[PDB]
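J.: Pasting a structure here, questions to come.
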Amino acid sequence: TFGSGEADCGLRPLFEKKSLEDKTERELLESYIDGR
Amino acid sequence: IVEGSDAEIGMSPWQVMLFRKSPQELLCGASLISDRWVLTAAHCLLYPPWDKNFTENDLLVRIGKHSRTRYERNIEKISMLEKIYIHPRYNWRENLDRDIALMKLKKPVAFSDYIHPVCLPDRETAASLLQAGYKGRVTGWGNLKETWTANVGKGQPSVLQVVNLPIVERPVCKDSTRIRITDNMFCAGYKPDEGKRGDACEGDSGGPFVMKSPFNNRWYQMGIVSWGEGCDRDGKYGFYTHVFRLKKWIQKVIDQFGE
Amino acid sequence: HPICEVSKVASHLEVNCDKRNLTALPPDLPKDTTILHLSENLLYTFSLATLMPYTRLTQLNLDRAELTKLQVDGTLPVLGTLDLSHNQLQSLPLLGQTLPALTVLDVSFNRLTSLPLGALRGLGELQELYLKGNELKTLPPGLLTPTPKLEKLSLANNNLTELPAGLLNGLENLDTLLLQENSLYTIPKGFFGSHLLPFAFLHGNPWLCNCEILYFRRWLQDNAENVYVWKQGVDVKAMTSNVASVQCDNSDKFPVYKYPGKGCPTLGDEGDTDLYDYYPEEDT
Ligand SMILES: *[C@@H]1O[C@H](CO)[C@@H](O[C@@H]2O[C@H](CO)[C@@H](O[C@H]3O[C@H](CO[C@H]4O[C@H](CO)[C@@H](O)[C@H](O)[C@@H]4O)[C@@H](O)[C@H](O[C@H]4O[C@H](CO)[C@@H](O)[C@H](O)[C@@H]4O)[C@@H]3O)[C@H](O)[C@H]2NC(C)=O)[C@H](O)[C@H]1NC(C)=O
Ligand SMILES: N=C(N)NCCC[C@H](NC(=O)[C@@H]1CCCN1C(=O)[C@H](N)Cc1ccccc1)C(=O)CCl
Ligand SMILES: *[C@@H]1O[C@H](CO)[C@@H](O)[C@H](O)[C@H]1NC(C)=O
């Protein structure tokens with residue numbers, strides 16, 4: 001019934017947690033805007 | 001990964017390496033979803049057509065790695081397999097439909113700056129992020145080129161590779177291959193008219209296809225590297241196992257036994 | 001001002017009493033001393049209890065002081081490193097109940113000939129054990145049982161002839177295993193277990209290559225890239241692997257990883273791989 005690790009998942013220690021963005025995650029974020 | 005770049009440290013903490021004990025070789029990639037559950041492609045463990053059939057005792061799981069071949073001191077963690085669960089309706093005979101498998105670590109793994117779990121898509125996140133044009137990200141230690149035929153350059157990287165790929169609309173996906181596609185898979189890559197390149201490759205299977213929610217800032221694993229024809233070939237797209245569609249079977253085994 | 005040198009950096013103190021012809025500890029050294037160097041002195045006998053104070057002592061260096069009797073008395077709950085190498089110990093000191101926080105223990109180059117029953121019983125939270133240079137002939141079943149967190153184990157340059165089939169049981173984190181320069185001729189059934197060993201040194205041994213040297217035969221094959229040859233410190237034995245260093249009867253041109261079991265039992269169990277060809281090509 002259990003695994004352990006969620007609610008904390010998807011948040012990188014060396015990044016989100018330190019409020020730091022990796023070199024290319026913006027590429028992904030700009031993709032959520034209509035490109036025409 | 002073809003036409004990708006070297007990953008930054010701890011950039012893909014959930015990255016898992018499926019290691020074969022004997023001979024010692026990297027088979028596939030995989031992802032961490034909890035302190036004791038790993039998710040990879042089914043054909044990485046079972047593929048009758050190529051008499052491939054790996055049992056728990058034949059593998060090891062290296063977690064929190066960057067370099068493809070250097071043992072990394074107090075960075076990576078090596079875990080053994082307690083149990084393998086391949087989707088009971090995995091179609092190896094034709095198109096690798098439902099190319100998925102869960103692995104249960106023998107003992108829980110502690111997280112670190114290098115080891116962390118990725119989130120699985122929910123009802124709204126899947127519906128929100130899985131749109132053509134939206135970019136995902138694939139990571140892996142797989143080949144850097146089609147290695148089965150003479151080609152210039154090295155075969156596999158020395159460091160984990162990363163590449164960002166646009167999600168392709170089914171119609172385009174379907175007519176780019178003679179292989180039969182199902183709702184349980186999706187394709188991604190740049191189109192002939194987009195200029196940029198990039199795609200997964202052999203050895204990359206199991207690797208995760210992740211996207212970051214613009215809402216909560218968390219990374220979700222939308223797919224699993226499954227197959228493709230060649231690597232980064234014009235008019236051709238990589239195909240990934242649709243994780244969300246198979247959510248009910250994952251939930252069912254993950255939560256099946258007490259603890 | 002004492003007899004030693006007192007230094008620092010952060011909230012740590014470091015006292016150096018090396019080569020000062022001491023026969024006991026120079027009394028009243030900073031109470032906040034964390035590191036203590038009593039190397040090359042004349043401590044034929046020493047009492048741990050004599051360190052009871054200095055409750056912030058983490059590293060203790062009693063090497064090269066020709067110690068033959070260590071009196072394990074008091075406790076050093078914060079002592080982590082302990083160097084007793086290059087001395088005259090003939091029996092291994094029972095440090096379990098005394099140094100709970102110990103993680104590194106070097107009793108290299110002494111006069112140990114065997115190990116007690118519950119030798120390490122107690123120091124379960126240990127990471128490195130150095131016993132290189134003694135004259136051990138055989139090891140106790142469960143010698144490492146108390147130390148599941150062990151990462152490095154050095155048993156090089158001893159008079160070992162045979163290892164306990166289940167020596168390596170547990171030890172999930174073990175990555176370096178030094179057994180070079182012994183008197184080993186064969187490896188037990190499943191000695192290395194399922195665990196992956198990044199750095200192993202097995203050279204300088206008289207390996208008897210027969211039909212029960214097959215397990216170790218394939219193991220060398222699989223872990224060919226993990227077998228190295230010890231040269232010395234600072235080298236970082238991460239420079240060019242060398243599985244050929246393990247030779248039959250220690251005989252040069254007779255690498256164990258290339259010995260056909262000719263007329264040996266079961267034609268498919270030990271060293272039954274090497275079925276396909278591979279053509280790898282990685283970079284810098
Ligand atoms: C991928 O690989 C696996 C092995 O790598 C394959 O499984 C193997 O299948 C064989 C069947 O030919 C198993 O044979 C032995 O086990 C069966 C019993 O099966 C059940 O119990 C086993 C535990 O004892 C489990 O291991 C099995 O998974 C299963 O739950 C015995 O009945 C056999 O006995 C036969 O032979 C002996 C002689 O040795 C006779 O005395 C008997 O009378 C009988 O005739 C075997 O002992 C084998 O154990 C099994 N191995 C594993 C790891 O499961 C798997 O099938 C394959 N997958 C695919 C699709 O190919
Ligand atoms: N261009 C790509 N993105 N390729 C991804 C391939 C990943 C790779 N998967 C594969 O090599 C799988 C196994 C069967 C053949 N195959 C393929 O990817 C081929 N499409 C052939 C095929 C497709 C569909 C059904 C059967 C065969 C793997 O696990 C790693 Cl070794
Ligand atoms: C170990 O071998 C050395 C080297 O020949 C020898 O001098 C010594 O006596 C041996 N020790 C024991 C305890 O047999």
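As shown in the structure tokens, the chain order sets the letters A, B, ...; within each chain, residues go from 1, and ligands are also counted from 1 in the order they appear.
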Residues up to 12 Å from ligand 1, counting only C-alpha atoms and all ligand atoms: could you list those as a ChimeraX atom specification?

T.: /B:43,45-59,83-84,86,88,90,92

J.: Running DSSP on the backbone, which parts of chain A land in alpha helix (DSSP H), as a list in words?

T.: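 Listing alpha helix (DSSP H) positions across chain A yields residues 25, 26, 27, 28 and 29 of chain A.
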
J.: List as a list in words the protein and nucleic acid residues lying within 9 Å of ligand 3, with only C-alpha atoms and all ligand atoms counted.

T.: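 The distance check yields residues 112, 113, 114, 134, 135, 136, 137, 157, 158, 159, 160, 182 and 183 of chain C.
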
J.: Filtering to C-alpha atoms, could you give me those residues as an mmCIF file, in the first residue's frame?

T.:
```cif
data_model
loop_
_atom_site.group_PDB
_atom_site.id
_atom_site.type_symbol
_atom_site.label_atom_id
_atom_site.label_comp_id
_atom_site.auth_asym_id
_atom_site.auth_seq_id
_atom_site.Cartn_x
_atom_site.Cartn_y
_atom_site.Cartn_z
ATOM 1 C CA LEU C 112 48.502 -9.443 15.185
ATOM 2 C CA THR C 113 48.422 -13.132 14.379
ATOM 3 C CA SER C 114 44.692 -13.726 14.778
ATOM 4 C CA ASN C 134 50.167 -8.030 10.250
ATOM 5 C CA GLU C 135 50.520 -11.805 10.298
ATOM 6 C CA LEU C 136 46.922 -12.936 10.368
ATOM 7 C CA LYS C 137 46.432 -16.457 8.984
ATOM 8 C CA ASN C 157 50.450 -8.103 3.401
ATOM 9 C CA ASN C 158 49.288 -10.748 6.009
ATOM 10 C CA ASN C 159 49.844 -14.576 5.990
ATOM 11 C CA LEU C 160 46.183 -15.473 5.019
ATOM 12 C CA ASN C 182 48.991 -12.824 0.949
ATOM 13 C CA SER C 183 49.196 -16.591 0.705
#
```

J.: Can you list every residue of chain B that has an atom at most 6 Å from ligand 2, with its nearest atom pair and the distance in Å to one decimal, using only C-alpha atoms and all ligand atoms, ordered by chain then number, as a tab-separated table?

T.:
```
residue	atom	partner	partner_atom_place_in_ligand_line	distance
B:44	CA	ligand 2	29 (O)	5.7
B:94	CA	ligand 2	25 (C)	5.4
B:95	CA	ligand 2	25 (C)	3.9
B:96	CA	ligand 2	25 (C)	5.3
B:199	CA	ligand 2	3 (N)	5.4
B:200	CA	ligand 2	3 (N)	3.9
B:201	CA	ligand 2	4 (N)	4.0
B:202	CA	ligand 2	31 (Cl)	3.4
B:203	CA	ligand 2	31 (Cl)	3.3
B:204	CA	ligand 2	30 (C)	4.7
B:205	CA	ligand 2	29 (O)	3.5
B:226	CA	ligand 2	7 (C)	5.2
B:227	CA	ligand 2	18 (O)	3.1
B:228	CA	ligand 2	4 (N)	3.7
B:229	CA	ligand 2	20 (N)	4.5
B:230	CA	ligand 2	1 (N)	4.9
B:231	CA	ligand 2	1 (N)	3.8
B:238	CA	ligand 2	3 (N)	3.9
```

J.: Can you measure atom CA of residue C:224 to atom CA of residue B:145 for me? One decimal in Å is fine.

T.: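 These atoms are spaced 26.9 Å apart.
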